[PDB]
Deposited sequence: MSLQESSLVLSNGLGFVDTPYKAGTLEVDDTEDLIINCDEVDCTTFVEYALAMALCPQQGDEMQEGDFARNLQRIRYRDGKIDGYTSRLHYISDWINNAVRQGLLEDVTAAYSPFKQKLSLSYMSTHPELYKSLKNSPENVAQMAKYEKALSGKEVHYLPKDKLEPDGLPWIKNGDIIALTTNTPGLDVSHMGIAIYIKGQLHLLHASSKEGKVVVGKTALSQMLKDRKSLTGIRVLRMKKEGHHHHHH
């Protein structure tokens, strides 16, 4: 949610915060975030019945969002592809797929980046078993359709059905990937902007440029998916 997300403004960006330990277990690092862990922390906080927030509730929620079916079982149990992450959260009723309700446009998933470049990942580069597992997950998701909103349908002032606090996943046509970035919707000066962890700015920011312009500026971006707590 927006109020929880906004508490992270200016928190430094750092990639790989979840890869620091030898075995996979729950890591809570709210001091350094990437585009995904930022949203996970924000969501896990927002789901808590108290805001008085109990660390047990936050920790339970985070485990449920970060891991396939909330089960911690090695590196490949963590939800690395955002399509998979979204499916996990939607199937548990934690998020509703707003673009599924509103948009008639669809993309077919084609996931393969991780198993194609296992050298890039600490937990794949020396683990043929982990690579094989990620390839099974890629295969099971590839060919499935999701709803999205094409970027040519999004204006600087957003749309009535995209609200403050919605999670926005930026869809991509780059080989082997589904979604390149996520953030939280925030209307600023009547324009739909993105609250997100930016590697460009090196920290969590409310983006200066309207979301529609962020999308239209990049040839590899195709549109968005909109999810809501």
*asked:* Please give the gaps, as residue ranges numbered from 1 in the deposited sequence, where no C-alpha is present.
replied: 1-8, 60-61, 240-249
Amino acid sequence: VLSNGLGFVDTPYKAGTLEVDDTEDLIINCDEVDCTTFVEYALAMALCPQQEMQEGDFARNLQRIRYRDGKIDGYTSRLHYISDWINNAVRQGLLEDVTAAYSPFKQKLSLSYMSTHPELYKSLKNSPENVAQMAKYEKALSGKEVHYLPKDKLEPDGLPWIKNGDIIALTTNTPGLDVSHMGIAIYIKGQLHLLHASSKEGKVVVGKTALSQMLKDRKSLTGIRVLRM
From here on, numbers count along this sequence of modelled residues.
*Between the two ranges 86-94 and 110-118, the one averaging a larger CA B factor in the entry*: 110-118
*Could you settle it for me: does 169-177 or 192-200 have the higher average Cα B factor in the PDB entry?*
192-200
*Say you rank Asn164, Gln50, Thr37, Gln63 by Cα B-factor from the PDB entry; which sits at the top?*
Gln50
*With respect to C-alpha B-factor, does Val1 fall in the lowest, middle or highest third of the chain as deposited?*
highest
*In terms of the CA temperature factor given in the entry, to which third of its chain does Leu141 belong: lowest, middle or highest?*
highest
_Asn126 CA temperature factor, ranked by third within the chain_ = highest
*Thinking about Cα B factors across the chain, which third does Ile184 belong to?*
lowest
*Hey, what third does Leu26 fall into on Cα B-factor, ranked over its chain?*
highest
